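Heads up: the structure comes next, in structure tokens.
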Amino acid sequence: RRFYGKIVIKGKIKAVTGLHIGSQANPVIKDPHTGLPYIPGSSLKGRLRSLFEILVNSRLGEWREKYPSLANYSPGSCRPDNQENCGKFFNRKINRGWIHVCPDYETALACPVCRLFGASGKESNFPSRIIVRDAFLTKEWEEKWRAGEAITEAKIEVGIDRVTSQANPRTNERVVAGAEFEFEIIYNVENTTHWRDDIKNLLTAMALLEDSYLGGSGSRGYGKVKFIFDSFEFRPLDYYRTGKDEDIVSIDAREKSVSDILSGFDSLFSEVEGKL
Amino acid sequence: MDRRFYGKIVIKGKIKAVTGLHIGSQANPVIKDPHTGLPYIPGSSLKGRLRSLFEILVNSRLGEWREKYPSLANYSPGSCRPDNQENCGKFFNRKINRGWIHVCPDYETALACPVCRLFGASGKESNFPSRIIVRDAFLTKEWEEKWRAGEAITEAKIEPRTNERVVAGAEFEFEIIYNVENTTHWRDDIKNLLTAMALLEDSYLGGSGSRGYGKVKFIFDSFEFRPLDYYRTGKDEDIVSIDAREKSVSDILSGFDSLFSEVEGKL
Amino acid sequence: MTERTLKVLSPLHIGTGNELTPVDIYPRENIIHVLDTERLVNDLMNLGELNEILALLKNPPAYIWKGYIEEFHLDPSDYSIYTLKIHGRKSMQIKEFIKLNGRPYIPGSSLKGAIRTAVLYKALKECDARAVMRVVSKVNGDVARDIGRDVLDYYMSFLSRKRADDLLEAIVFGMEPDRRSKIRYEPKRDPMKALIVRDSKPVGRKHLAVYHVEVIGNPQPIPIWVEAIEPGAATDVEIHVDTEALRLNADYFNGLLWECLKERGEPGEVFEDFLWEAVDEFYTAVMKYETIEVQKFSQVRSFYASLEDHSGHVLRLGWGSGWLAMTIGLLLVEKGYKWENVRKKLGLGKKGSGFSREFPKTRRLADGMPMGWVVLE
Amino acid sequence: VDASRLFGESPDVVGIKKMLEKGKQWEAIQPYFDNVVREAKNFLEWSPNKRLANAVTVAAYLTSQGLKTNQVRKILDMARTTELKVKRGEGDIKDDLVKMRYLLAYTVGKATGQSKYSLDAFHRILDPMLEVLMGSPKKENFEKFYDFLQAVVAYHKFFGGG
RNA sequence: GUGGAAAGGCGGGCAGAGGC
RNA sequence: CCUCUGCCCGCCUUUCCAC
Ligand SMILES: [Zn+2]
Ligand SMILES: [Zn+2]
């Protein structure tokens, strides 16, 4: 479907405070062979999609011209009226929770949200344009697990009656703070008009996650994840056709998500703008 | 129904352990980072004692605030230890195992509770998410260097038993983030938050405390607003309300809306 | 009130369970010095070994093991206290004071445990006709406290590490539901969980000195070396009662102390006023009791007659406060034979039993001053 | 029972707990290992479970004696801070090993009275190994003591100490 | 011309109460 | 170093298939 190229973003997710992404004495999820923790791709994609739908919901007025089909929603959840595709923004009842998923391919081509994360509706659906891989540990932290150090902790938290001061403690496992991860996000350039927007929106939602939390408790301190990029390479359609290493590389080993979202958006991606 | 976003008021600063500081775990060790072996105040343990003191503040004032914050027509000041109901006319209406806590049972009751809109509610069916997030606060940079060079960061205090305590004078870094989800009531939620911190400077933090293990004292460095425009553009164009030599008993004091005139300028 | 400052009227030793071995000390003058072994040992390497690890473990004839640094080196000390007495032939173990950064402070757990003894004394004075109605609720053992007849006259025969005060703290502070015994303590039921005392500001190096505590009561007196805050040092401490924590617990407190507060008025309002009237009635009563015994040293009585006409609240702390000042047993003097069989039951003298001087024989006073007096106001 | 049930590796780890909770039987059976450990001046001369087997005999040689914990901890809570600086922090802990041997010399010079042969049981066995850390790295040849560090601590609680 | 497309294991919870 | 506490409450699949 008009495939042009794939933009790959590789960076290190870093846990400044102890990450906890559970399973159901409260385990963080683990590889069933190595036993080392990991961050899923369902759990990182959907935390970016979540924080960004709350972002668009506040801006259903300013964005009606840059994004068409955003004038059909009024900001809110369609939870009060148990009908899907009413006039609100959060309009698909998945099971009990209401999520913005656009109803139709020709509207989801014009939403800022459903164009990047995709949508499902009768009479076809829009496949996502990103692939959020699972974020395993880096090899420096395998080789601290090989070295015999800890890699998860067991934290004990208590709830307290405020009048009697009676304590009833519970324990959460969480990954040790400091653990470096390794992510990869593979955008799919299906249109060449909106590829800058979908990358600026993917970096907007990554900047929300650096002041929100990823996974677990977070309001009590479990998030505080930090994104550290390495390199963004755009793979052209001809590169696959031949397998010759002939692809643009935007190199930024030490940059934030706010130092790359607008500081270098046109200064680093200028060579990606050229080749389309 | 209708969760929005406008920005994130970020309160940074530095906690001063004026007296020795003991937040234990399981010869009675204070929790430390497993990686660096150094103590810290958890955000779980700081958000609780900020909520322990504020609910008791609201517990004594349930009559004269039900016109400013409605849905306090549900509550009469008390508890539910006398009779096992999860929800009656009493303020402490959460079983929470053997000790009761105040949690409104729904989104829209907690949307007008001044407590559960700030620290966050929980409920069967609909539930309300928290608006402050409290990171775990570690040691500062200059007390790393005192650990690098052999200055004591801990001490054993024989009480016949030993309560270990983080040695007094030590400082920790604490970051508090408030989520502006509705522009009409952000002023109260910043005032109700600093109200909860003024109570902590008179109460204690962790451990016994009635034997003097508390006297925690905040030292502010920066308020920052961070509007929605900041997330879209990486430029540092956000409001920086410096209060660097101010005290929590002076920011919330008259001197508040002089500090918070520039948050108005974005709305 | 907040920041209720104190002063110090006698030597005051808050122990930390640590002594200074003579390898830590070398007194060049009448002043003494605390050498830094970690820095001095690592500073005496440049001139060179395994000899330091052999000699310090050997502990030969102390003097030469600290004066051997004088050869081609000098001046490695930490705190440099003063001796303030006619002693120190090293042969001593200076007990050290509790310090947070090498700086002496008063711990708040030690000033609360002195108020708790004063408050426990006031509760057993006023509360046997009312002490049964406290244990009438969910205890069922007040009939034994009624048939004996003022729960003290039963507790002398009830007993007839050490958990001797287990029932008496469970009657005056915290009635539990049930146990394998009759009743037990519940920390959740206590008015003293509303009493907040905090660690004081640090005192200072200038007010700290070594002392020479002589034990009197035997024909051969023994000396103990110790360091203590000199009399005349004044620091500031803040004590307050959180009245909001009493209003929430008006139905949950079950003890004789709570039945001393409902008779002075509102029980969540007079607890701070009851608190100091308990202080100046335990500690003035132990102040007058020590004017009976004259076995000390003369000048000791001239200290006790001068403790009067002194404004503020007078109380004991520390290490030299004897068995009379740490214990209910000031009130257990008037029993006599009801406590005489029990004091041998508990035991006392060792190396059988002390007959006529069972409890009060030892007096630990520093330089002719009865040590451990701190006056709040 | 004297040098009959007790053998090299794991014969009497479970049966000697009742005998230590005796006087003349442990005064001669445990004296041979406390001399062989003195003859074990090379610390990493045991890659098998010989250390953990000798840890029971040394803790039985420390069972009938005192071994107060407040003198134990500071020597061994300094042994962790050396290890905490191994984790990409430092590579030369030469200046602290002189202070490490000084704390054991300060310990045997302070505990006077009925605790002489207790702390001299402590002073006997470790000084063959406390010379080894000076001319040796940390990534090997220290960590094997750090296992035998707590090996003697734990069984000493198991035979009835503390 | 892919047993596919869309789908945050999370919301709330002071390791504390007395113990010199 | 002693005395009570040592996980609760939920959703547990929803929706799309052009005769
Ligand atoms: Zn959409
Ligand atoms: Zn509420």
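Values in this text are rule-based calculations from the coordinates and carry no lab data. Methodologically, a virtual Cβ is constructed for each residue, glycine included, from the backbone with ideal geometry; neighbour enumeration extends over all protein chains shown.
Size of the dipole of chain B about the Cα centre, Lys and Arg at +1 and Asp and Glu at -1 on the beta carbon, nothing else charged, in debye to 20?
In debye, rounded to 20, chain B gives about 800.
Which three lengths, in whole Å and largest first, does chain C cover when its Cα atoms are put on their principal axes?
77, 49, 46
Restricting to chain A, compute how many DSSP beta bridges are antiparallel as a %, nearest 5.
Roughly 95 percent of the DSSP beta bridges within chain A come out antiparallel.
What is the percent of Cα-Cα separations in region A:90-227 that go past 20 Å?
Details: 6153 of 9453 pairs.
The proportion of pairs with Cα distances above 20 Å equals 65 percent.
Can you give the Kirkwood hydrodynamic radius of region D:34-98 from its Cα pairs, in Å with one decimal?
For region D:34-98, inverting the mean 1/r across all distinct Cα pairs yields 14.4 Å.
What is the distance in Å between the Cα centroid of region A:136-178 and that of region A:105-120?
Value for the Cα centre distance between the two parts: 39 Å.
Counting other beta carbons within 10 Å of each Cβ, put B:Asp202, C:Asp75 in order, fewest first.
C:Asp75, B:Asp202
Let me confirm one metric for peptide C:52-60, namely the mean number of other chain beta-carbon atoms within 10 Å of its residues' beta-carbons.
Numbers: counts 4, 12, 3, 2, 10, 13, 4, 7, 1.
So the per-residue partner count for this stretch is 6.
In bins 20 Å wide, starting from 0, what share of all Cα pairs of the protein assembly as shown does each bin hold, as a percent?
Going from the shortest bin to the longest, the percentages are 10, 33, 34, 19, 4, 0.
Nearest 20 debye, what's the magnitude of the dipole of the protein assembly as shown about its Cα centre given +1 on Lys and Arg Cβ and -1 on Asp and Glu Cβ? Don't jump to the answer; show the numbers that get you there.
Numbers: 158 positive and 150 negative charges, 595 e Å.
It comes to approximately 2860 debye.
So what's the convex hull volume per residue for the Cα atoms of region C:98-201, in Å³?
Taking only Cα atoms, region C:98-201 has a hull volume of 135 Å³ per residue.
Given only helices, namely DSSP H runs of n ≥ 4 each adding -39500 (n - 2.57), what is the per-residue ellipticity at 222 nm of the protein assembly as shown, to the nearest 500 deg cm²/dmol?
Only helices count here, giving -8000 deg cm²/dmol.
If one computes the Cα centroid of region A:48-78 and of region C:19-75, what distance in Å separates the two points?
76 Å
Of B:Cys88, B:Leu193, B:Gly123, which is farthest along the charge dipole of chain B in the positive direction, counting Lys and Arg as +1 and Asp and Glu as -1 at C-beta?
It is B:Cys88.
Can you quote the Å³ per residue value for the convex hull of the Cα atoms in chain B, rounded to an integer? Spell out each step's value before the answer.
Details: hull volume 45.1 nm³, N = 267.
So the per-residue hull volume is 169 Å³.
Show me the chymotrypsin sites (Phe, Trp or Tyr not before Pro) within region C:298-343 that DSSP assigns to loop and that have at most 15 other Cβ atoms within 10 Å of their Cβ. Provide the component values of the computation, followed by the final result.
Details: sites: C:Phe303, C:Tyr304, C:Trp319, C:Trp323, C:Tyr337, C:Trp339; in loops: C:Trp319, C:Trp323.
Sparse-neighbourhood loop chymotrypsin sites (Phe, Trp or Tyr not before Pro): C:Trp323.
At q = 0.11, 0.18 Å⁻¹, what is the log10 ratio I(q)/I(0) for region A:154-276, with the Debye formula run over Cα points and no solvent?
Calculated log10 I(q)/I(0) at the listed q: -0.55, -1.04.
Given R₀ = 51 Å, FRET efficiency for B:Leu259-C:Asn30 by Cβ-Cβ distance, to 0.05?
Computed FRET efficiency for B:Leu259 and C:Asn30 comes out at 0.30.
Could you put C:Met156, C:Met45 in order, starting from the residue whose Cβ has the fewest other Cβ atoms within 10 Å?
Ranked by crowding around the Cβ, least crowded first: C:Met45, C:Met156.
Specify the inter-centroid distance of region C:270-299 and region A:231-259, based on alpha-carbon positions, in whole Å.
Cα centres, region C:270-299 to region A:231-259: 84 Å.
Per residue, how big is the convex hull of region D:5-162 when only Cα atoms are used? Give it in Å³.
Looking at region D:5-162, the number lands at 109 Å³ per residue.
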